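Before any comments, here is the structure.
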Amino acid sequence: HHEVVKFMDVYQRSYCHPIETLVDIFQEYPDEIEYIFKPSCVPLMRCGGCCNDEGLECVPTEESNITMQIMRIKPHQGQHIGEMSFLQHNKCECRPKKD
Amino acid sequence: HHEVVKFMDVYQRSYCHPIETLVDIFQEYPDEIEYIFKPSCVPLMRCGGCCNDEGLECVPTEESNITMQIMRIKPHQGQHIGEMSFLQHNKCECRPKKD
Amino acid sequence: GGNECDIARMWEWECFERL
Amino acid sequence: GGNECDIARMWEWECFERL
């Protein structure tokens with residue numbers, strides 16, 4: 001254990017901001033099931049944590065694309081390296097919940 | 001945008017390992033509903049990403065506790081600082097899925 | 001210094017005291 | 001340099017070639 005953490009630090013580090021998060025390829029690309037991806041996930045900068053109030057929601061305000069190298073494989077066939085671009089979050093912000 | 005990321009880097013950084021992840025307090029403590037926490041979430045080192053095969057699963061092998069400072073606030077009442085301990089993941093590893 | 005405590009902004013100490 | 005490609009281990013280049 002690292003003892004009791006400082007209050008001001010828990011809020012600053014937890015407040016809705018862009019943090020390193022791994023996203024599943026199968027979750028973003030639902031039309032790619034026959035080609036096993038290696039790796040099956042990719043690291044993307046997304047917004048995570050919580051808001052200041054219960055009636056708010058941590059969501060992104062800006063976006064961007066990032067190309068990556070993925071090895072697509074298929075049973076009883078072969079393998080191959082391809083270029084895949086994913087969407088990331090550039091800016092984060094809290095806003096009142098809708099649905 | 002930056003450019004096409006290196007393959008060896010996407011796998012080494014995406015492979016099931018301990019990464020900074022924010023956990024919701026309400027998700028861990030389902031009994032504390034009458035006392036709103038500030039912040040409502042806390043940063044904990046958990047395992048995230050994906051495994052080498054589809055039949056595997058990224059899960060932790062070891063654990064630990066971490067104390068933090070949280071401000072409990074109740075409607076029409078007052079506020080107060082308390083010590084809350086959360087569970088984190090020390091070691092991560094991939095194993096065949098069960099359910 | 002007055003009352004510029006935005007709900008969707010870094011609630012400093014003063015804002016926390018008067019939430 | 002043989003066949004020690006563990007499924008739950010860092011699959012190096014050689015392991016990726018012969019998956």
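Order determines the names: the first chain of the structure tokens is A, the second B, and so forth; residues in each chain are numbered 1 upward, and ligands are numbered 1 upward as they are shown.
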
Would you kindly return, as a count of residues only, each protein, DNA or RNA residue with an atom no farther than 10 Å from any atom of residue 9 in chain C, considering only C-alpha atoms and excluding same-chain residues fewer than 4 positions away? 8

What lies within 10 Å of residue 19 in chain C using only C-alpha atoms, ignoring chain neighbours under 5 positions off, as a VMD selection string? (chain B and resid 73 79) or (chain C and resid 5 7 11 14)

Writing out the chosen residues with N, CA, C and O atoms as a compact mmCIF listing (two decimals), in the first residue's frame:
```
# COMPACT_ATOMS: atom_id res chain seq x y z
N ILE B 73 -20.65 14.17 0.95
CA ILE B 73 -21.60 15.27 1.11
C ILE B 73 -23.05 14.77 1.02
O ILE B 73 -23.39 14.00 0.12
N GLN B 79 -20.74 18.49 5.03
CA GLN B 79 -19.70 17.81 4.26
C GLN B 79 -18.64 17.26 5.21
O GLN B 79 -18.58 17.68 6.37
N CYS C 5 -17.60 30.09 -10.01
CA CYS C 5 -17.45 28.64 -9.86
C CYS C 5 -18.29 27.90 -10.90
O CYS C 5 -19.47 27.62 -10.67
N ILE C 7 -19.71 24.84 -12.97
CA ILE C 7 -19.98 23.44 -12.65
C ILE C 7 -19.10 22.48 -13.46
O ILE C 7 -18.65 21.46 -12.94
N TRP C 11 -13.25 22.81 -9.96
CA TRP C 11 -13.76 23.39 -8.72
C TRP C 11 -12.65 23.49 -7.67
O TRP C 11 -12.42 22.55 -6.91
N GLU C 14 -12.18 27.06 -2.78
CA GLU C 14 -13.30 27.97 -2.49
C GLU C 14 -14.64 27.43 -3.01
O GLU C 14 -15.67 27.54 -2.34
```

Closest to residue 16 in chain C among A:68, A:8, A:23, A:84, using only C-alpha atoms?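 Ranking A:68, A:8, A:23, A:84 by distance to residue 16 in chain C, first place goes to A:8.
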
What would you get as an mmCIF file with N, CA and C atoms, in the first residue's frame if chain D were moved onto chain C by least squares over all of its C-alpha atoms in order?
```cif
data_model
loop_
_atom_site.group_PDB
_atom_site.id
_atom_site.type_symbol
_atom_site.label_atom_id
_atom_site.label_comp_id
_atom_site.auth_asym_id
_atom_site.auth_seq_id
_atom_site.Cartn_x
_atom_site.Cartn_y
_atom_site.Cartn_z
ATOM 1 N N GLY D 1 -12.424 34.910 -6.601
ATOM 2 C CA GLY D 1 -12.737 35.889 -5.524
ATOM 3 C C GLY D 1 -14.101 36.532 -5.694
ATOM 4 N N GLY D 2 -15.081 35.736 -6.124
ATOM 5 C CA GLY D 2 -16.427 36.245 -6.323
ATOM 6 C C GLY D 2 -17.465 35.142 -6.366
ATOM 7 N N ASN D 3 -17.778 34.671 -7.570
ATOM 8 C CA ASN D 3 -18.765 33.612 -7.746
ATOM 9 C C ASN D 3 -18.652 32.993 -9.143
ATOM 10 N N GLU D 4 -17.416 32.804 -9.598
ATOM 11 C CA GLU D 4 -17.162 32.226 -10.914
ATOM 12 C C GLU D 4 -16.865 30.722 -10.809
ATOM 13 N N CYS D 5 -17.689 30.014 -10.036
ATOM 14 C CA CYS D 5 -17.521 28.573 -9.856
ATOM 15 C C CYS D 5 -18.335 27.800 -10.894
ATOM 16 N N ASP D 6 -17.745 27.585 -12.068
ATOM 17 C CA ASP D 6 -18.416 26.856 -13.142
ATOM 18 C C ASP D 6 -18.551 25.375 -12.774
ATOM 19 N N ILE D 7 -19.733 24.811 -13.012
ATOM 20 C CA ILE D 7 -19.999 23.411 -12.686
ATOM 21 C C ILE D 7 -19.097 22.454 -13.477
ATOM 22 N N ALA D 8 -18.833 22.787 -14.739
ATOM 23 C CA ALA D 8 -17.986 21.953 -15.592
ATOM 24 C C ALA D 8 -16.555 22.492 -15.653
ATOM 25 N N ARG D 9 -16.104 23.085 -14.549
ATOM 26 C CA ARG D 9 -14.756 23.641 -14.458
ATOM 27 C C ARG D 9 -14.074 23.156 -13.180
ATOM 28 N N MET D 10 -12.739 23.116 -13.191
ATOM 29 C CA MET D 10 -11.956 22.686 -12.021
ATOM 30 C C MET D 10 -12.361 23.438 -10.743
ATOM 31 N N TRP D 11 -13.254 22.823 -9.969
ATOM 32 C CA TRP D 11 -13.738 23.406 -8.723
ATOM 33 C C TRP D 11 -12.623 23.504 -7.682
ATOM 34 N N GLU D 12 -11.968 24.663 -7.621
ATOM 35 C CA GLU D 12 -10.885 24.884 -6.661
ATOM 36 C C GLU D 12 -11.405 24.750 -5.221
ATOM 37 N N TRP D 13 -10.566 25.087 -4.241
ATOM 38 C CA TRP D 13 -10.941 24.978 -2.828
ATOM 39 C C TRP D 13 -12.198 25.797 -2.499
ATOM 40 N N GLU D 14 -12.163 27.099 -2.799
ATOM 41 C CA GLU D 14 -13.296 28.002 -2.520
ATOM 42 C C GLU D 14 -14.619 27.471 -3.081
ATOM 43 N N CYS D 15 -14.564 26.849 -4.258
ATOM 44 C CA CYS D 15 -15.764 26.304 -4.888
ATOM 45 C C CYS D 15 -16.243 25.062 -4.137
ATOM 46 N N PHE D 16 -15.298 24.297 -3.585
ATOM 47 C CA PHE D 16 -15.636 23.086 -2.836
ATOM 48 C C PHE D 16 -16.289 23.436 -1.502
ATOM 49 N N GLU D 17 -15.812 24.509 -0.876
ATOM 50 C CA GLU D 17 -16.345 24.945 0.410
ATOM 51 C C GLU D 17 -17.807 25.363 0.280
ATOM 52 N N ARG D 18 -18.117 26.096 -0.788
ATOM 53 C CA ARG D 18 -19.485 26.556 -1.040
ATOM 54 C C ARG D 18 -20.068 25.846 -2.267
ATOM 55 N N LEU D 19 -20.314 24.546 -2.124
ATOM 56 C CA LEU D 19 -20.868 23.743 -3.209
ATOM 57 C C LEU D 19 -22.389 23.830 -3.225
#
```

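Minimum atom-to-atom distance to residue 78 in chain B, evaluated using only C-alpha atoms, belongs to B:36 out of B:9, B:44, B:28, B:36.
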